[PDB]
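entry-v9.cif follows (mmCIF, C-alpha atoms and all ligand atoms):
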data_coords
loop_
_atom_site.label_atom_id
_atom_site.label_comp_id
_atom_site.auth_asym_id
_atom_site.auth_seq_id
_atom_site.Cartn_x
_atom_site.Cartn_y
_atom_site.Cartn_z
CA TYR A 1316 0.00 0.00 0.00
CA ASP A 1317 3.04 2.25 -0.73
CA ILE A 1318 1.57 5.04 -2.93
CA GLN A 1319 5.10 6.11 -4.02
CA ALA A 1320 6.58 2.65 -4.85
CA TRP A 1321 5.65 2.87 -8.57
CA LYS A 1322 8.40 5.41 -9.23
CA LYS A 1323 11.39 3.18 -8.44
CA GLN A 1324 9.55 0.22 -10.02
CA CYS A 1325 9.27 2.28 -13.23
CA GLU A 1326 12.94 3.36 -12.97
CA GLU A 1327 13.89 -0.35 -12.67
CA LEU A 1328 11.67 -1.32 -15.64
CA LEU A 1329 13.16 1.49 -17.77
CA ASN A 1330 16.63 0.17 -16.83
CA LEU A 1331 15.56 -3.29 -18.13
CA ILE A 1332 14.16 -1.67 -21.30
CA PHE A 1333 17.44 0.24 -21.92
CA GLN A 1334 19.41 -3.08 -21.58
CA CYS A 1335 17.07 -4.71 -24.22
CA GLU A 1336 18.48 -4.56 -27.79
CA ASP A 1337 14.90 -4.12 -29.01
CA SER A 1338 14.77 -0.64 -27.35
CA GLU A 1339 17.69 0.85 -29.34
CA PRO A 1340 15.45 2.56 -32.01
CA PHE A 1341 13.29 4.07 -29.23
CA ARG A 1342 15.96 5.36 -26.76
CA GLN A 1343 16.28 8.82 -28.44
CA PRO A 1344 14.41 11.04 -30.99
CA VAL A 1345 14.00 10.33 -34.76
CA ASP A 1346 16.85 12.03 -36.67
CA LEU A 1347 14.30 13.78 -38.98
CA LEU A 1348 17.41 13.73 -41.26
CA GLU A 1349 17.17 9.90 -41.67
CA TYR A 1350 13.29 9.93 -41.71
CA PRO A 1351 12.37 13.28 -43.25
CA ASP A 1352 8.57 12.62 -43.39
CA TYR A 1353 8.38 11.46 -39.73
CA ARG A 1354 6.59 14.61 -38.41
CA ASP A 1355 4.16 14.51 -41.43
CA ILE A 1356 2.79 11.27 -39.86
CA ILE A 1357 3.63 11.57 -36.14
CA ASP A 1358 2.10 14.49 -34.21
CA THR A 1359 3.76 13.76 -30.81
CA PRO A 1360 7.19 12.15 -30.76
CA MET A 1361 8.10 10.12 -27.72
CA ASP A 1362 11.22 8.10 -26.71
CA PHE A 1363 12.42 6.22 -23.58
CA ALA A 1364 14.96 8.92 -22.68
CA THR A 1365 12.13 11.50 -22.57
CA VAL A 1366 10.07 9.10 -20.42
CA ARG A 1367 12.99 8.49 -18.01
CA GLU A 1368 13.78 12.22 -17.83
CA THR A 1369 10.12 13.08 -17.16
CA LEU A 1370 10.03 10.45 -14.38
CA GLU A 1371 13.36 11.63 -12.89
CA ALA A 1372 12.21 15.33 -13.04
CA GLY A 1373 9.22 14.38 -10.90
CA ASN A 1374 6.83 15.25 -13.73
CA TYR A 1375 4.75 12.09 -13.62
CA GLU A 1376 2.08 11.99 -10.93
CA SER A 1377 1.17 8.30 -11.50
CA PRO A 1378 2.39 5.24 -13.37
CA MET A 1379 -0.70 5.60 -15.65
CA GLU A 1380 0.82 8.81 -17.02
CA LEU A 1381 4.18 7.07 -17.67
CA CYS A 1382 2.29 4.13 -19.24
CA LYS A 1383 0.46 6.56 -21.65
CA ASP A 1384 3.83 8.00 -22.83
CA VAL A 1385 5.40 4.53 -23.27
CA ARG A 1386 2.33 3.36 -25.22
CA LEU A 1387 2.75 6.49 -27.43
CA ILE A 1388 6.28 5.24 -28.33
CA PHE A 1389 4.69 2.04 -29.59
CA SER A 1390 1.67 3.61 -31.31
CA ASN A 1391 4.04 6.04 -33.10
CA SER A 1392 6.08 3.05 -34.37
CA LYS A 1393 2.87 1.35 -35.58
CA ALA A 1394 1.70 4.57 -37.30
CA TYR A 1395 5.09 5.28 -38.96
CA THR A 1396 5.89 1.75 -40.13
CA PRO A 1397 5.50 1.13 -43.89
CA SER A 1398 4.92 -2.58 -43.15
CA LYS A 1399 3.74 -4.77 -40.28
CA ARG A 1400 7.02 -6.77 -40.91
CA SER A 1401 9.31 -3.66 -40.75
CA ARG A 1402 12.43 -4.45 -38.61
CA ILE A 1403 11.90 -1.47 -36.24
CA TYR A 1404 8.13 -2.07 -35.86
CA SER A 1405 8.81 -5.78 -35.07
CA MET A 1406 11.23 -4.65 -32.29
CA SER A 1407 8.46 -2.33 -30.98
CA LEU A 1408 5.98 -5.20 -30.68
CA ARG A 1409 8.39 -7.37 -28.66
CA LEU A 1410 9.33 -4.47 -26.44
CA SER A 1411 5.64 -3.55 -25.99
CA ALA A 1412 4.84 -7.14 -24.86
CA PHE A 1413 7.75 -6.99 -22.39
CA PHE A 1414 6.65 -3.59 -21.08
CA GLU A 1415 2.97 -4.61 -20.69
CA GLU A 1416 4.04 -7.86 -18.89
CA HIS A 1417 6.03 -5.81 -16.37
CA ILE A 1418 3.87 -2.64 -15.97
CA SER A 1419 0.66 -4.61 -15.10
CA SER A 1420 1.75 -5.23 -11.42
CA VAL A 1421 3.07 -1.65 -11.09
CA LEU A 1422 -0.36 -0.27 -12.09
CA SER A 1423 -2.29 -2.81 -9.98
CA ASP A 1424 -0.19 -2.09 -6.87
CA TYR A 1425 -0.44 1.70 -7.30
CA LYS A 1426 -4.21 1.63 -7.81
CA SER A 1427 -4.61 -0.73 -4.81
CA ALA A 1428 -2.46 1.58 -2.64
CA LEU A 1429 -4.53 4.62 -3.64
CA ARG A 1430 -7.80 2.75 -2.89
CA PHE A 1431 -6.39 1.79 0.55
CA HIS A 1432 -5.49 5.45 1.15
CA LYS A 1433 -9.06 6.70 0.48
CA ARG A 1434 -10.68 3.64 2.18
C1 LIG B 1501 11.23 2.07 -40.37
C2 LIG B 1501 10.31 2.16 -39.21
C3 LIG B 1501 9.21 1.50 -38.83
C4 LIG B 1501 8.81 2.02 -37.59
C5 LIG B 1501 9.70 2.97 -37.25
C6 LIG B 1501 9.84 3.73 -35.98
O1 LIG B 1501 9.11 3.41 -35.06
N1 LIG B 1501 10.78 4.67 -35.82
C7 LIG B 1501 11.43 5.51 -36.83
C8 LIG B 1501 12.93 5.32 -36.76
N2 LIG B 1501 13.43 5.53 -35.39
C9 LIG B 1501 14.64 6.13 -35.26
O2 LIG B 1501 15.20 6.64 -36.22
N3 LIG B 1501 15.21 6.12 -34.04
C10 LIG B 1501 16.60 6.55 -33.86
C11 LIG B 1501 16.89 7.04 -32.45
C12 LIG B 1501 17.20 6.07 -31.37
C13 LIG B 1501 18.29 6.89 -31.96
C14 LIG B 1501 12.37 5.91 -34.44
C15 LIG B 1501 11.26 4.90 -34.45
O3 LIG B 1501 10.64 3.10 -38.25
#

Once more with this new file: its structure as structure tokens, please.
Ligand SMILES: Cc1ccc(C(=O)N2CCN(C(=O)NCC3CC3)CC2)o1
Amino acid sequence: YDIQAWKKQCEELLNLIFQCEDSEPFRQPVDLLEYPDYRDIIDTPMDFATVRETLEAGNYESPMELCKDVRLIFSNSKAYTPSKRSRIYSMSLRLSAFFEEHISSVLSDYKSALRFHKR
């Protein structure tokens, strides 16, 4: 029932994600120089460094907010991909499955802790 525990749990999960080879395309912004049409398709860029920096700045109030930004990394990859069998998109799907597997307890525990608080 620790209302703050999600933050370190998310730091730990981001550490795991940064060690995963599948995260390499998503660790930093799109060199618009290598993908010049990227911002014609993607309205709101997002990367794992921005997520980690937002978390470390204390600019997430809840793990739901972090989860929304991580899911935006994956929806951007799905929107930008020319093919459902594009190398980078395929890496996004594996990393998304890994993230969802790990974030599910973080969200459950946070929401349970907040319910216990306002019991
Ligand atoms: C061909 C294809 C399909 C889907 C995607 C995709 O999701 N992209 C675009 C390319 N990518 C980078 O250029 N990232 C480089 C920074 C990490 C240094 C960002 C993510 O790209």

Set the cut-off to 7 Å, count all atoms listed in the file, and list whatever residues fall near ligand LIG 1501 (chain B) as an mmCIF file with C-alpha atoms, in the coordinates of the input.
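Contents of the output file out-v4.cif:
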data_model
loop_
_atom_site.group_PDB
_atom_site.id
_atom_site.type_symbol
_atom_site.label_atom_id
_atom_site.label_comp_id
_atom_site.auth_asym_id
_atom_site.auth_seq_id
_atom_site.Cartn_x
_atom_site.Cartn_y
_atom_site.Cartn_z
ATOM 1 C CA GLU A 1339 17.690 0.850 -29.340
ATOM 2 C CA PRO A 1340 15.450 2.560 -32.010
ATOM 3 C CA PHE A 1341 13.290 4.070 -29.230
ATOM 4 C CA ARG A 1342 15.960 5.360 -26.760
ATOM 5 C CA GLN A 1343 16.280 8.820 -28.440
ATOM 6 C CA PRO A 1344 14.410 11.040 -30.990
ATOM 7 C CA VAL A 1345 14.000 10.330 -34.760
ATOM 8 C CA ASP A 1346 16.850 12.030 -36.670
ATOM 9 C CA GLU A 1349 17.170 9.900 -41.670
ATOM 10 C CA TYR A 1350 13.290 9.930 -41.710
ATOM 11 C CA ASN A 1391 4.040 6.040 -33.100
ATOM 12 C CA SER A 1392 6.080 3.050 -34.370
ATOM 13 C CA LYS A 1393 2.870 1.350 -35.580
ATOM 14 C CA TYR A 1395 5.090 5.280 -38.960
ATOM 15 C CA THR A 1396 5.890 1.750 -40.130
ATOM 16 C CA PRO A 1397 5.500 1.130 -43.890
ATOM 17 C CA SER A 1401 9.310 -3.660 -40.750
ATOM 18 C CA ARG A 1402 12.430 -4.450 -38.610
ATOM 19 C CA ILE A 1403 11.900 -1.470 -36.240
ATOM 20 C CA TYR A 1404 8.130 -2.070 -35.860
#

For this session: Determine the nearest neighbour of residue 1371 of chain A from the options A:1317, A:1326, A:1384, A:1352, counting only C-alpha atoms.
Result: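 Distance minimum relative to residue 1371 of chain A lands on A:1326.
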
Exercise. Between atom CA of residue 1413 of chain A and atom CA of residue 1358 of chain A, what is the spacing in Å?
Worked result: 25.2 Å

Problem set entry | Among the residues A:1418, A:1430, A:1316, A:1361, the one that comes closest to residue 1390 of chain A [using all atoms listed in the file] |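 Comparing A:1418, A:1430, A:1316, A:1361 against residue 1390 of chain A, the winner is A:1361.
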
Exercise. With only C-alpha atoms as the basis for distance, which of A:1410, A:1357, A:1388, A:1364 is at the shortest distance from residue 1336 of chain A?
Worked result: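 The answer is A:1410, which sits nearest to residue 1336 of chain A.
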
Exercise. Within 10 Å of residue 1324 of chain A, counting only C-alpha atoms, which residues qualify if same-chain residues fewer than 5 places away don't, as a list in words?
Worked result: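 Skipping anything fewer than 5 positions along the chain leaves residues 1319, 1329, 1330, 1378, 1417, 1418, 1420 and 1421 of chain A.
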
Seminar exercise, completed: Of A:1398, A:1379, A:1363, A:1374, the one sitting nearest residue 1333 of chain A when using all atoms listed in the file is A:1363

Exercise. Between atom CA of residue 1381 of chain A and atom CA of residue 1369 of chain A, what is the spacing in Å?
Worked result: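 These atoms are spaced 8.5 Å apart.
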
Exercise. Neighbours of residue 1414 of chain A within 10 Å (only C-alpha atoms; same-chain residues fewer than 4 positions away dropped), as a ChimeraX atom specification?
Worked result: /A:1328-1329,1331-1332,1382,1385-1386,1408-1410,1418-1419

For this session: Between A:1334, A:1411, A:1377, A:1405, single out the one closest to residue 1318 of chain A, counting all atoms listed in the file.
Result: A:1377

Problem set entry | Pick from A:1416, A:1423, A:1394, A:1322, whichever lies nearest to residue 1354 of chain A using all atoms listed in the file |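 Looking only at the distances to residue 1354 of chain A, the closest residue turns out to be A:1394.
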
For this session: Please indicate the distance in Å from atom CA of residue 1376 of chain A to atom CA of residue 1320 of chain A, rounded to one decimal place.
Result: 12.0 Å
